[PDB]
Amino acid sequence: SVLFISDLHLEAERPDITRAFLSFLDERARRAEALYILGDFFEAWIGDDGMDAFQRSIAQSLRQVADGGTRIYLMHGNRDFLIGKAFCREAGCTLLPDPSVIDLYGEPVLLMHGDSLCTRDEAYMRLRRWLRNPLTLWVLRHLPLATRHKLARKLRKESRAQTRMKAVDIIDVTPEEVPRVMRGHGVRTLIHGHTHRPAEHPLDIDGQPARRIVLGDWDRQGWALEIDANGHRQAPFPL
């Protein structure tokens, strides 16, 4: 089987999430063929050269699972898009671009963090385009660590303020973007996180059934999607 998780927002100040995550590695990820982490694994990332002791310990825990035979894949999210290849080597994982299509038991499956589908959130779209500009990425990776933390705090603070003012249908995925991107990639299954609204959404693409599976965030309970050759299940578990 293969496991999918996202939106853990791991940080030292949430040991309830960390404990649940490590228990998840011990009870489930170790016996899976692969684990996919679809963004927002960490609460924030300021660049691989700014990794702190907590983040390093998380990497070591991932690496123990990878070294035991489970393949681990990590995709960027809006919190942790600065993760680079050094971190991935340390954690024993492979960096996957957003979007990626994988072969899952003979079916092509599209993986995204999900924020790129939230096209009605125009202020966020402007921010995202800027953050992912190669010039921005270069600058951010070459600022003093103290300065990076200050910018990260500012971004979090302004984001929390603005998001409290946005209706659900500003921040959730744009409905018509879903068939657009799924058709474009030739898939009938899409898995993403970001929106904190765990669910499975049927839809019709060109007359055929399709599904969009949304991974749950770990703020109040853990979530995992498990897929094997014969079916799938997403379910929560306590922190």
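Sequential numbering from 1, following the sequence displayed.
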Self-check item: Higher-scoring stretch by recorded Cα B factor average, 57 to 65 or 188 to 196
Solution: 57 to 65
Quiz item: Taking only the CA atoms, which stretch has the higher mean B-factor in the record, 36 to 44 or 177 to 185?
Solution: 177 to 185
Exercise. Check the PDB entry and point out which of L135, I102, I72, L82 has the largest C-alpha temperature factor.
Key: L135
Quiz item: Taking the values straight from the PDB record, which of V109, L117, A167, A86 has the highest C-alpha temperature factor?
Solution: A167
Quiz item: In terms of the CA temperature factor given in the entry, to which third of its chain does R156 belong: lowest, middle or highest?
Solution: highest
Quiz prompt | Entry-reported Cα temperature factor of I213, expressed as the chain third it lands in | solution = lowest
Self-check item: Ranked C-alpha temperature factor of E122 among modelled chain residues, by third
Solution: highest
Practice problem: Could you say whether, by C-alpha temperature factor, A12 belongs to the lowest, middle or highest third of its chain? | Solution: highest
Exercise. Could you tell me which third, lowest, middle or highest, the C-alpha B-factor of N78 occupies within its chain?
Key: lowest
